[PDB]
Amino acid sequence: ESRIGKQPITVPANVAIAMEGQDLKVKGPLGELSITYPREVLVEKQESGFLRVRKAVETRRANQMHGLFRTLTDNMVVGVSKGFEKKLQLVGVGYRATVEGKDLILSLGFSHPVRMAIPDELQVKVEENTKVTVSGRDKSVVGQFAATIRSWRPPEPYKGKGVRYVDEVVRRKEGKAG
RNA sequence: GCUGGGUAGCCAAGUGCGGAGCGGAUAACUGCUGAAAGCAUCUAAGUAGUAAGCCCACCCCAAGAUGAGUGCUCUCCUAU
C-alpha cells in the first residue's frame with residue numbers, strides 16, 4: 001500500500017549501479033557514497049530502466065521502511081549527479097558572511113567572528129557578504145551543516161533579524177508591545 | 001616571684017599554590033534526512049548540536065586485586 005513505493009525509481013542518464021554484497025554502490029560522476037540494506041529488503045534491478053524494491057511482511061517494515069529506502073536512492077543517485085542546495089538569508093545591521101580560504105567567517109556581532117569550518121568534501125556558494133547558499137551532494141549531510149548556521153541566531157520575532165530559511169515564513173510578532 | 005625582650009620548633013592574623021579540557025557519553029531542548037499516512041512529522045533506520053549533573057582526565061592511596069599483576073637485579077654452601 002506504499003504510494004511512494006508503488007512509484008518506480010527514476011534512473012537518470014549516467015547512473016553507475018553496482019553491488020558491494022548488501023550495499024548499492026552509488027558512485028555517479030562527481031564522487032562516491034554508501035547505502036546499507038537489511039535482509040528483509042532486496043532491491044530489484046528489473047532490466048527495464050526503472051527500479052522497484054521488495055517487501056517482506058512479517059514485521060511492518062513493508063509499510064514504513066520503504067519510505068526511507070525507496071526515497072534514499074531517489075536522492076542518493078541524483079545527489080551525486082546534480083547535488084541538493086539549501087539557502088540562507090542573513091538580515092540585520094552588520095551581518096557579514098565572508099570566506100577566507102577553508103573556513104567561513106560569519107561576523108554576526110558576538111565579539112570574535114564565528115569560524116564555521118567547511119567540512120571534508122562539501123563546498124559552499126556565497127551570493128554576497130549578505131547572503132549564502134550551501135551546495136553539495138546528499139540531502140542529509142548538506143542539511144546538518146546548513147542547519148548549524150541557522151542555529152547561531154534563529155529567525156527572531158520582532159525584526160526578522162539574524163539567519164533565515166529562504167522558503168520559511170517566520171513570524172514578526174508586534175515588537176515594543178505596539 | 002613579677003615584668004621586658006626573644007633563635008630553633010610549633011603556630012596563624014603571615015607566605016606560596018590550587019579550582020584548569022575544542023575529551024566522552026547523556027538530561028530537558030533545538031535539529032537534519034525521512035516514511036507509516038503521495039502531504040506533514042527530531043524517529044520507527046541513521047545522524048548533529050547540546051548542562052556546576054554522569055564517566056575519563058587533576059591529586060593522594062592501592063596486587064590481602066587469594067583475580068595476590070609486571071619489570072630489573074642478587075642468592076642457592078653444609079655442621080656450617
# chains A, B, ... in the order shown; residues from 1 in each chain; ligands from 1

call {"tool": "residues_around", "arguments": {"residues": "residue 142 (chain A)", "least_positions_apart": "2", "cutoff": "12 Å", "atoms": "only C-alpha atoms (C1' of nucleotides)", "output": "ChimeraX atom specification"}}
result
/A:79,83-87,118-124,133-140,144-149 /B:32-33,48

call {"tool": "residues_around", "arguments": {"residues": "region 98-106 of chain A", "least_positions_apart": "5", "cutoff": "9 Å", "atoms": "only C-alpha atoms (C1' of nucleotides)", "output": "JSON, numbers by chain"}}
result
{"A": [113, 114, 115, 116, 117, 118, 119, 126, 128, 129, 130, 149]}

call {"tool": "write_last_selection", "arguments": {"atoms": "C-alpha atoms", "output": "CSV table (one decimal), in the first residue's frame"}}
result
chain,number,residue,atom,x,y,z
A,113,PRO,CA,33.7,36.4,14.4
A,114,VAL,CA,32.3,32.8,14.1
A,115,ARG,CA,34.5,30.5,12.0
A,116,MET,CA,32.3,27.6,10.8
A,117,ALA,CA,34.8,25.1,9.5
A,118,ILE,CA,33.9,23.9,5.9
A,119,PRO,CA,33.8,20.0,6.2
A,126,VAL,CA,28.3,32.8,-1.3
A,128,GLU,CA,27.2,38.2,-1.3
A,129,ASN,CA,28.6,39.0,2.2
A,130,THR,CA,24.8,39.4,3.0
A,149,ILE,CA,24.5,28.2,10.5

call {"tool": "closest_atom_pairs", "arguments": {"of": "chain B", "to": "chain A", "cutoff": "9 Å", "atoms": "only C-alpha atoms (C1' of nucleotides)", "output": "Markdown table"}}
result
| residue | atom | partner | partner_atom | distance |
| --- | --- | --- | --- | --- |
| B:30 | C1' | A:151 | CA | 8.2 |
| B:31 | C1' | A:147 | CA | 7.1 |
| B:32 | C1' | A:144 | CA | 4.7 |
| B:33 | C1' | A:140 | CA | 4.3 |
| B:34 | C1' | A:68 | CA | 5.8 |
| B:35 | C1' | A:67 | CA | 3.8 |
| B:36 | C1' | A:64 | CA | 4.4 |
| B:38 | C1' | A:3 | CA | 5.4 |
| B:44 | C1' | A:64 | CA | 7.8 |
| B:45 | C1' | A:65 | CA | 7.2 |
| B:47 | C1' | A:140 | CA | 8.6 |
| B:48 | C1' | A:144 | CA | 6.4 |
| B:49 | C1' | A:148 | CA | 7.7 |

call {"tool": "closest_residue", "arguments": {"among": "A:11, A:26, A:35, A:16", "to": "residue 46 (chain B)", "atoms": "only C-alpha atoms (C1' of nucleotides)"}}
result
A:35

call {"tool": "select_by_dssp", "arguments": {"residues": "chain A", "states": "strand (DSSP E or B)", "output": "ChimeraX atom specification"}}
result
/A:9,19,24,43,51,53,57,59,86-91,96-99,104-107,114,125,131-134,162-165

call {"tool": "write_last_selection", "arguments": {"atoms": "N, CA and C atoms", "output": "CSV table (one decimal), in the first residue's frame"}}
result
chain,number,residue,atom,x,y,z
A,9,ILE,N,11.4,3.9,-9.4
A,9,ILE,CA,12.6,4.8,-9.1
A,9,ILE,C,13.1,5.3,-10.5
A,19,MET,N,27.1,-3.5,-6.9
A,19,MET,CA,26.9,-4.2,-5.6
A,19,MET,C,28.2,-4.4,-4.8
A,24,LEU,N,24.2,-0.9,-2.1
A,24,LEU,CA,24.1,-0.4,-3.5
A,24,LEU,C,25.1,0.8,-3.7
A,43,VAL,N,16.6,-5.0,-3.1
A,43,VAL,CA,16.3,-4.0,-4.1
A,43,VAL,C,16.5,-4.7,-5.5
A,51,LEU,N,13.4,0.9,-11.5
A,51,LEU,CA,13.7,0.1,-10.3
A,51,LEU,C,12.6,0.1,-9.3
A,53,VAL,N,11.6,-2.0,-5.3
A,53,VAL,CA,12.2,-2.7,-4.2
A,53,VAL,C,11.2,-3.7,-3.5
A,57,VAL,N,6.6,-9.1,4.5
A,57,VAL,CA,5.5,-8.8,5.5
A,57,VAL,C,5.5,-9.9,6.6
A,59,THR,N,7.3,-8.3,10.0
A,59,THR,CA,7.1,-7.0,10.6
A,59,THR,C,6.5,-6.1,9.6
A,86,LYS,N,20.8,24.3,-0.2
A,86,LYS,CA,20.0,24.9,0.8
A,86,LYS,C,20.4,26.4,1.0
A,87,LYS,N,19.4,27.3,1.2
A,87,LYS,CA,19.7,28.7,1.1
A,87,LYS,C,19.5,29.5,2.4
A,88,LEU,N,20.3,30.6,2.5
A,88,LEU,CA,20.5,31.3,3.8
A,88,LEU,C,20.5,32.8,3.6
A,89,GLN,N,19.4,33.5,4.1
A,89,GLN,CA,19.4,34.9,4.0
A,89,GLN,C,19.7,35.5,5.4
A,90,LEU,N,20.8,36.2,5.5
A,90,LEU,CA,21.2,36.9,6.7
A,90,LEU,C,20.7,38.4,6.7
A,91,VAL,N,19.9,38.8,7.7
A,91,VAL,CA,19.3,40.1,7.8
A,91,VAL,C,19.7,40.8,9.1
A,96,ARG,N,27.9,40.2,8.1
A,96,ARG,CA,28.8,39.7,7.0
A,96,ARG,C,29.1,38.2,7.2
A,97,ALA,N,29.1,37.5,6.1
A,97,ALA,CA,29.5,36.1,6.0
A,97,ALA,C,30.5,35.9,4.9
A,98,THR,N,31.7,36.5,5.1
A,98,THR,CA,32.8,36.4,4.1
A,98,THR,C,33.5,35.0,4.3
A,99,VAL,N,34.3,34.6,3.2
A,99,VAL,CA,35.0,33.3,3.2
A,99,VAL,C,36.5,33.5,3.0
A,104,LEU,N,34.6,29.5,6.9
A,104,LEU,CA,33.8,30.8,6.7
A,104,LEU,C,34.3,31.8,7.8
A,105,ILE,N,33.8,33.0,7.7
A,105,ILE,CA,33.9,34.0,8.8
A,105,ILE,C,32.5,34.7,8.8
A,106,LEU,N,31.6,34.2,9.7
A,106,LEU,CA,30.3,34.8,10.0
A,106,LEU,C,30.5,35.8,11.1
A,107,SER,N,30.5,37.1,10.8
A,107,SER,CA,30.6,38.2,11.8
A,107,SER,C,29.3,38.8,12.1
A,114,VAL,N,32.5,34.3,14.1
A,114,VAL,CA,32.3,32.8,14.1
A,114,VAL,C,32.9,32.1,12.9
A,125,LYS,N,28.5,28.0,-2.0
A,125,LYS,CA,28.4,29.2,-2.7
A,125,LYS,C,28.2,30.4,-1.8
A,131,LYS,N,24.3,37.2,1.9
A,131,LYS,CA,23.6,36.0,1.7
A,131,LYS,C,24.4,34.8,1.3
A,132,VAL,N,24.1,33.6,1.7
A,132,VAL,CA,24.8,32.4,1.4
A,132,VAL,C,23.9,31.3,0.9
A,133,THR,N,24.4,30.4,0.1
A,133,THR,CA,23.7,29.2,-0.3
A,133,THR,C,24.6,28.0,-0.3
A,134,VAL,N,24.3,27.0,0.4
A,134,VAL,CA,25.2,25.8,0.5
A,134,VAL,C,24.9,24.7,-0.5
A,162,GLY,N,18.7,38.3,12.1
A,162,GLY,CA,19.6,37.1,12.1
A,162,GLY,C,19.4,36.2,10.8
A,163,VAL,N,19.6,34.9,11.0
A,163,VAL,CA,19.6,34.0,9.9
A,163,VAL,C,18.2,33.6,9.4
A,164,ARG,N,18.0,33.3,8.2
A,164,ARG,CA,16.6,32.8,7.7
A,164,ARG,C,16.7,31.7,6.6
A,165,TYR,N,15.8,30.7,6.8
A,165,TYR,CA,15.5,29.9,5.6
A,165,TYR,C,14.8,30.8,4.6

call {"tool": "select_by_dssp", "arguments": {"residues": "region 31-82 of chain A", "states": "alpha helix (DSSP H)", "output": "list in words"}}
result
residues 61, 62, 63, 64, 65, 66, 67, 68, 69, 70, 71, 72, 73, 74, 75, 76, 77, 78, 79, 80 and 81 of chain A

call {"tool": "atom_distance", "arguments": {"atom1": "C1' of residue 28 (chain B)", "atom2": "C1' of residue 51 (chain B)"}}
result
9.5 Å

call {"tool": "atom_distance", "arguments": {"atom1": "CA of residue 77 (chain A)", "atom2": "CA of residue 30 (chain A)"}}
result
10.9 Å

call {"tool": "atom_distance", "arguments": {"atom1": "CA of residue 20 (chain A)", "atom2": "CA of residue 33 (chain A)"}}
result
11.9 Å

call {"tool": "decode", "arguments": {"residues": "region 116-129 of chain A", "atoms": "C-alpha atoms", "output": "compact mmCIF listing (two decimals), in the first residue's frame"}}
result
# COMPACT_ATOMS: atom_id res chain seq x y z
CA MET A 116 32.32 27.62 10.82
CA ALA A 117 34.82 25.08 9.46
CA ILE A 118 33.91 23.85 5.94
CA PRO A 119 33.77 20.01 6.20
CA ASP A 120 35.52 17.14 4.34
CA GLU A 121 34.02 17.21 0.81
CA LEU A 122 31.33 19.93 0.65
CA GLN A 123 31.56 23.36 -0.94
CA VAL A 124 29.51 26.48 -0.35
CA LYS A 125 28.43 29.24 -2.75
CA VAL A 126 28.28 32.79 -1.31
CA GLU A 127 25.82 35.15 -3.04
CA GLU A 128 27.18 38.25 -1.27
CA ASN A 129 28.57 39.03 2.18
